[PDB]
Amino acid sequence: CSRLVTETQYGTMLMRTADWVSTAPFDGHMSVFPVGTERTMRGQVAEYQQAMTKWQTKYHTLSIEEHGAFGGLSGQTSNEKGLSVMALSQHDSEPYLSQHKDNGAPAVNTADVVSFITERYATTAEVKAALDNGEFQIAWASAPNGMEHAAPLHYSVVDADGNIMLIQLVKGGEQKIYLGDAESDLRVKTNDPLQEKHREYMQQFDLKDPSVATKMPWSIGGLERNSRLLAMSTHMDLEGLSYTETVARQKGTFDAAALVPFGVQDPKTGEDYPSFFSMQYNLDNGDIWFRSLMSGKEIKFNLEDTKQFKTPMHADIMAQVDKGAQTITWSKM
């Protein structure tokens, strides 16, 4: 899984891939939660003393759910204020999940927390304040809805002004929070190892050298995807480009750095890790592009298209894109 934020003259652009082992193919769906929805949390958080059983949607939110392996967990969200939240795999947190300490805040099941944040908050600062004030916590130690074990994930929030927060569970069960903007190294997020280890790795590379990507090892792992996205995004020059050309430039650059093909095995895992789908967002204007790598097809839409919905709605978006749909078919939840 990889994610890039790029500042542009047309908006803050975010691109994210959903990658997994080919033995358990992903299947992306979308849910829309309109303003004022009375929401009920999916799953249990029995490890924590207080549950976020119910909430109300404050901000119109679209949630991309992973149905193929993750049981419907919400992994990439955006709201009408241009806030984006996301969960990506972070296997190096696995040893520590059960050691997350309950601070007494209402705990949100990891199947829904990404959506819950979009539904409640408008800016990165708001979410960091809410965490600090004990408004909610992430239920790190609890299994996601319907799954057997706590999942090793790391979370991030990106707002329309390019403020980034990374939330990563590290040694001892510490919830570590990293802050930065879309020109910091936090504009890139992948998978394992943990963020300190990526930063250590990067110290040998001088990103100012436009030939530096050629000096970086290639692999399908999170380490190499992190380094290559950092290198290739440093030298991405968006001057004089149109909007369409700017979107395309991010896409192209991202794919060169981080699209994971089928058939390549990572010697560190003995497994593959192909990209199944991707999302591109303009957080300033609501533009969304959903691409399936299985069909190679993509649809462009806007969050505004769903703003008329008066009840939650759902779409098997990847399936529809794979069948050649040009518009989304929505169903009541």
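Start at 1 and count along the sequence shown; that's the residue number.
- The mean C-alpha temperature factor is higher for 27-35 when 27-35 and 275-283 are set side by side.
- According to the PDB record, 307-315 carries the higher mean C-alpha B-factor of the two stretches 307-315 and 6-14.
- Annotation for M86, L179, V188, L207: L207 ranks highest, by Cα B-factor.
- Looking only at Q44, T57, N302, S63, the residue with the top Cα B factor in the deposited structure is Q44.
- The entry lists a Cα temperature factor for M202 that places it in the middle third of the chain's modelled residues.
- Per the deposited record, the Cα B-factor of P106 falls in the highest third when ranked against the other modelled residues of its chain.
- Among the modelled residues of the chain, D255 sits in the middle third by CA temperature factor in this PDB entry.
- In the deposited entry, the Cα temperature factor of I117 sits in the bottom third of values across the chain's modelled residues.
- Sort the chain's modelled residues by C-alpha temperature factor and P95 lands in the middle third, per the entry.
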